[PDB]
Ligand SMILES: O=C(O)[C@@H]1C[C@]2(C(=O)O)C=C[C@@H](O)[C@@H](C2)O1
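In the authors' numbering, the protein residues as written are 1 to 104.
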C-alpha cells in the first residue's frame with residue numbers, strides 16, 4: 001500500500017550488521033530471516049510491475065557492506081562473499097515462491 005518495500009530493506013539492515021558481527025562478539029546465521037522478506041518482497045514486486053531480479057539493489061548492498069566492513073574491521077572480502085550467498089537463496093526462492101502462488 002505504501003513504501004512497504006522500503007521498511008523491508010530496513011529490517012535486512014538490522015540483520016546485515018548481525019552477520020558482520022559489529023558490537024556482538026559472536027553471531028548466528030539466520031537464512032530464514034533473509035528468505036522471509038524474500039518471498040514477501042516478491043509479492044510487492046509483482047504489484048510493482050517489474051522483474052523479480054534487481055542487481056542495482058545488490059550493487060547498492062555491496063557498497064553498504066564495505067562501509068560497515070571497515071567500521072568493525074572484522075573482515076573484508078570474506079564478509080562480502082557471505083552476503084552474496086544470502087542473496088542467491090533470496091532470489092532462488094523468490095522466483096519459486098511467486099511461481100508456486102500462480103499455480104494455486
Ligand atoms: O528486490 C528486493 O527487495 C528483493 C530482496 C533482495 C534482497 O535479498 O535483499 C534485493 C534486491 C533484489 O535483487 C531481490 C533480493 O529481491
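Heads up, the beta-carbon is just placed ideally off N, CA and C, and yes, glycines get one too.
When the options are compared against residue i, the one with the closest alpha-carbon
i          : options           : result
residue 37 : 104, 98, 103, 102 : 98
residue 69 : 103, 17, 34       : 17
residue 73 : 4, 104, 21, 39    : 21
residue 91 : 40, 6, 62, 11     : 40
residue 35 : 87, 100, 5        : 87
Per-residue burial, residue i [other beta carbons within 10 Å of its own, 16 or more giving buried]
i          : result
residue 94 : buried
residue 46 : exposed
residue 66 : exposed
Closer than 6 Å: residue i CB and nearest ligand 1 heavy atom
i           : result
residue 64  : no
residue 113 : The chain is shown from 1 up to 104; residue 113 falls before or after that span and cannot be answered.
residue 50  : no
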